[PDB]
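K.L.:
Take a look at this one; I'll ask things after.
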There are 2 protein chains.
Amino acid sequence: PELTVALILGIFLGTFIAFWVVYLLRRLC
Amino acid sequence: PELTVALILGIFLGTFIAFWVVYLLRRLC
Ligand SMILES: CCCCCCCC/C=C/CCCCCCCC(=O)OC[C@@H](O)CO
């Protein structure tokens, strides 16, 4: 199903972006 | 369009799961 793979890809991206943002906070700020 | 919403929904859901993983790994480890 296309709606499920779209959600799973978002969940993976959302989890990565959250850790990526904190990484930017520790290194840039 | 429904795929974009499902993607964005997963992204914001992923940001919650990231802090949920840190919570469980603090308890587990
Ligand atoms: C087409 C239907 C698709 C259904 C998909 C359902 C996915 C359900 C998602 C489950 C993940 C729930 C994550 C829930 C995360 C809640 C926030 C949390 O745990 O914060 C931790 C802090 O309080 C620690 O101090």
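Note on naming: chains are A, B, ... as they come in the structure tokens, residues start from 1 per chain, ligands start from 1 in the order shown.
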Would you mind aligning chain B to chain A, a least-squares fit over all C-alpha atoms taken in order, and returning the superposed chain as a short mmCIF file (atom, residue, chain, number, x, y, z; two decimals) with C-alpha atoms, in the first residue's frame?
P.N.:
```cif
data_model
loop_
_atom_site.label_atom_id
_atom_site.label_comp_id
_atom_site.auth_asym_id
_atom_site.auth_seq_id
_atom_site.Cartn_x
_atom_site.Cartn_y
_atom_site.Cartn_z
CA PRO B 1 -1.27 1.24 0.62
CA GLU B 2 1.43 3.35 -1.04
CA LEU B 3 0.32 6.17 1.26
CA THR B 4 0.87 3.97 4.32
CA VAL B 5 4.39 3.08 3.14
CA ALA B 6 5.19 6.73 2.42
CA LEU B 7 3.90 7.56 5.90
CA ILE B 8 5.98 4.88 7.64
CA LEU B 9 9.00 5.83 5.52
CA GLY B 10 8.65 9.41 6.72
CA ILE B 11 8.28 8.30 10.34
CA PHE B 12 11.56 6.37 10.35
CA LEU B 13 13.12 9.23 8.38
CA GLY B 14 11.80 11.57 11.07
CA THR B 15 13.56 9.64 13.84
CA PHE B 16 16.87 10.28 12.07
CA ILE B 17 16.07 13.97 11.57
CA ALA B 18 15.38 14.37 15.30
CA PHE B 19 18.97 13.40 16.11
CA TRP B 20 20.11 15.51 13.16
CA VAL B 21 18.42 18.56 14.71
CA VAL B 22 20.09 17.92 18.07
CA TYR B 23 23.42 17.63 16.24
CA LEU B 24 23.05 20.94 14.39
CA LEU B 25 21.74 22.81 17.44
CA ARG B 26 24.73 21.55 19.43
CA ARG B 27 27.01 23.01 16.75
CA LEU B 28 24.94 26.17 16.21
CA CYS B 29 24.38 26.84 19.90
#
```
